[PDB]
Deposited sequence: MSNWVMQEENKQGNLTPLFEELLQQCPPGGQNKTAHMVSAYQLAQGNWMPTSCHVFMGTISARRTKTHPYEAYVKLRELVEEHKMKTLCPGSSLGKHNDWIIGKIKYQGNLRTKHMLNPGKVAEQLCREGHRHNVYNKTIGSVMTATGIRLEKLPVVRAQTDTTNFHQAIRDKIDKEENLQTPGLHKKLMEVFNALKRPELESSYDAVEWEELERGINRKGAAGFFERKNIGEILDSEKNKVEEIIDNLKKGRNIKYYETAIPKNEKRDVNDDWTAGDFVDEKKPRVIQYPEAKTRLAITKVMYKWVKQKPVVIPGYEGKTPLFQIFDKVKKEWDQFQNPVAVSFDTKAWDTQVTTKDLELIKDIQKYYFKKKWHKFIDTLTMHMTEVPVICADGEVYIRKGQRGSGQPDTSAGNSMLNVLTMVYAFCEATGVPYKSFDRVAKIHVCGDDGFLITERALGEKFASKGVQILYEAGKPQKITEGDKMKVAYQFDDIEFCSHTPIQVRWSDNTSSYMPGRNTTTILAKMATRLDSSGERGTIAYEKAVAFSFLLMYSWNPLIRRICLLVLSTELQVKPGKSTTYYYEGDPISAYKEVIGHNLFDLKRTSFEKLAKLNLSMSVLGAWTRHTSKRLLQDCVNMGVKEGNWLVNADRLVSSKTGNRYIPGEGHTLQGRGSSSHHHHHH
């Protein structure tokens, strides 16, 4: 009768190991009665008890008491600052006001805009879209709330994990390794590194130069860092903490969409540019996943291809479901033991000569001095700094390993049999697995407690059950969800869907210090490659791309086109924009609801936007807008593309 109160309490219990020498009882058995708990240390949702004719509610107060004693005995031990971190105390000037209760705040070192895209935003307002009703995106955070986010998210002890967990995860990894690559990775040349790197990658708190300036002038400083790490010598490793969307919140690398920024923590933490180059030059093959050795890693997968790729798998099951990975604030849940596990996997693939390098870097990452923009210093215990070069690889491998383990331990499938039973996909902590429905439902109901014990608590959901998709287009991944379209050649395919209100908001605004038609047409094109299923988005893009046919698109955003944008679309999408005859009617109604709830459009909006495209397309000539099938069928005019190619930006 009171079994949900016990499932709750078992998620506040310290994770323990298998006690095969006493009775290990589930939350169900406890809600029955005549079971008296003898310790609060939980293992696969079970604790140690002895039958002793006790009332069920009596046994709850005892578990609650054992939990409350255990917490007031592991409070907050003042931890020894490692010697290799001592230098930061030598930079302290004033005393701290972070008021951290779980990490050292050893003081404070000396002190050291959302705007509209004018053309895109005009096209929206002309057809009656109310911009001030759209959701705000890319919000900045002041210093008072910045320090509060530190206190809320970062200022915590390392998660307790199941004893022996990381040996199991290494067992899972042994079922997934690629032995033809073992001990084979070496550092890359400067030239290869310089190809794939944003030269405006941010400088650390004590750095003045950005990535490109350091490449042009201080390569010796980077090789000096590499040398010291190679031999096992400490470096002055620190990370800098800035709020999301700050000036220094810059991606070293091309991102597959704005969803990567959306998923960043509120507190961004990154090593120095010199230090980031050092790690990247040596660990390139691992951090960039070249080749991909993480199963199901979609980090390199274009957003316009991902769901077609997944549907292929979904079709091979006889009753597939998809179970979502939904860890709470993943980066704050990464433990020292997690990092050492990833250190061990890296050592598998890297040549022996880099193992001391990896050991020493990993040691620096387990206790990280972090300097805030305003000078406040805290000493982070474990966790992931979002700007670390290893964030995508290191999180993706840890996510895969932890999710396979949790799935296998809930269902009974041996680790070496996971690949005959389920398919997995990850982007850092984001992802899901597809499997047959009964396995999927099993995993979904037991995964929450197994994942809490493995140190990755899940977001608190309706009945402590992991989210299950029972139809393909209910999957969520990379902030998007599948939507089917119909082409004029009697085929169908999937595109990345999301709320129309969200797309408008992201398309309409930017953070700027770059505000010009060149940038906006690059945005319009980048969005057309993803959202051409959405007729409102499709037509705003065509209108924007019709502006100043002689100005070329900018290269600072996700994609751009060389030559004809309509032909560039067909190059990567595989059909002509003109061949899209139908978007799935049910899914589109779902993704359009918030337009009506927020009042971001009116009953005329679609008509006015269609009427604007028609008015432009009837005129004699060659008009981009006539690539829209319904516009062309009303103007009587077709568009004849010239040559054109899609490319990545920066």
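A.B. asks: What residue ranges of the deposited sequence are absent from the coordinates?
C.D. replies: Absent from the structure are positions 1-13, 126-132, 534-536, 674-683.
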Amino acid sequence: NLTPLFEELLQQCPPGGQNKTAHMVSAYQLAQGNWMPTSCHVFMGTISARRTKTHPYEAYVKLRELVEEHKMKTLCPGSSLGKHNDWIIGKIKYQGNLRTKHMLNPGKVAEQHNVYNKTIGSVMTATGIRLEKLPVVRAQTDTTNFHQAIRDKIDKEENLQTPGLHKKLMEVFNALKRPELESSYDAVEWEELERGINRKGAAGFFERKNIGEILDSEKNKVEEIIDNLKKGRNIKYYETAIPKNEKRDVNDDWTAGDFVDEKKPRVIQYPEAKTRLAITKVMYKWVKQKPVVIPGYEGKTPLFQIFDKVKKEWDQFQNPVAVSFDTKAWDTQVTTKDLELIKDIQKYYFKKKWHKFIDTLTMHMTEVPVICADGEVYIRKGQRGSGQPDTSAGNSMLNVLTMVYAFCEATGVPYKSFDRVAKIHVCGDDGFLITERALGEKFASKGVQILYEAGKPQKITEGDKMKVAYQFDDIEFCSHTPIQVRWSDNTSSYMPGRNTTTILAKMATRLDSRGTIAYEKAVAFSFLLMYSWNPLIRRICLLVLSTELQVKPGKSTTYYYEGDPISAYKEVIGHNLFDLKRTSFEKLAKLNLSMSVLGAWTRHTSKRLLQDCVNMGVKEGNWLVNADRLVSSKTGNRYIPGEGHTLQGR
From here on, numbers count along this sequence of modelled residues.
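A.B. asks: Compare the other PDB entries of this protein and indicate whether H113 is left unmodelled in at least a third of them.
C.D. replies: Counting only entries that model residues on both sides, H113 is unresolved in at least a third of them.
A.B. asks: For the other entries of this protein included in the comparison (both sides of the residue modelled), is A322 absent in a third of them or more?
C.D. replies: No, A322 is modelled in every other compared entry.
A.B. asks: On average, are the C-alpha B-factors higher in 411-419 or in 367-375?
C.D. replies: Averaging CA B-factors over each stretch, the winner is 411-419.
A.B. asks: Could you check which stretch, 491-499 or 313-321, carries the larger mean CA temperature factor in the entry?
C.D. replies: Per the PDB record, 313-321.
A.B. asks: In terms of recorded Cα temperature factor, pick the maximum from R486, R539, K352, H480.
C.D. replies: Spelled out: the listed residue with the top C-alpha B-factor is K352.
A.B. asks: Tell me which of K381, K456, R178, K274 tops the list for C-alpha B factor in the record.
C.D. replies: Comparing C-alpha B-factors across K381, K456, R178, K274, the maximum falls on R178.
A.B. asks: Just say lowest, middle or highest third for the CA B-factor of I89 relative to the other modelled residues in its chain.
C.D. replies: Highest third of the chain for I89's C-alpha B-factor.
A.B. asks: C-alpha B factor of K118, ranked within the chain: lowest, middle or highest third?
C.D. replies: Within its chain, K118 is a highest-third residue by C-alpha B-factor, going by the deposited values.
A.B. asks: So where's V136 on the chain's Cα temperature factor ranking, which third?
C.D. replies: Top third by C-alpha B-factor.
A.B. asks: State the tercile, meaning the lowest, middle or highest third, of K62 with respect to the CA B-factors recorded for its chain.
C.D. replies: Within its chain, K62 is a highest-third residue by C-alpha B-factor, going by the deposited values.
A.B. asks: According to the PDB entry, is the CA B factor of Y561 in the bottom, middle or top third of its chain, that is, lowest, middle or highest?
C.D. replies: Middle third by C-alpha B-factor.
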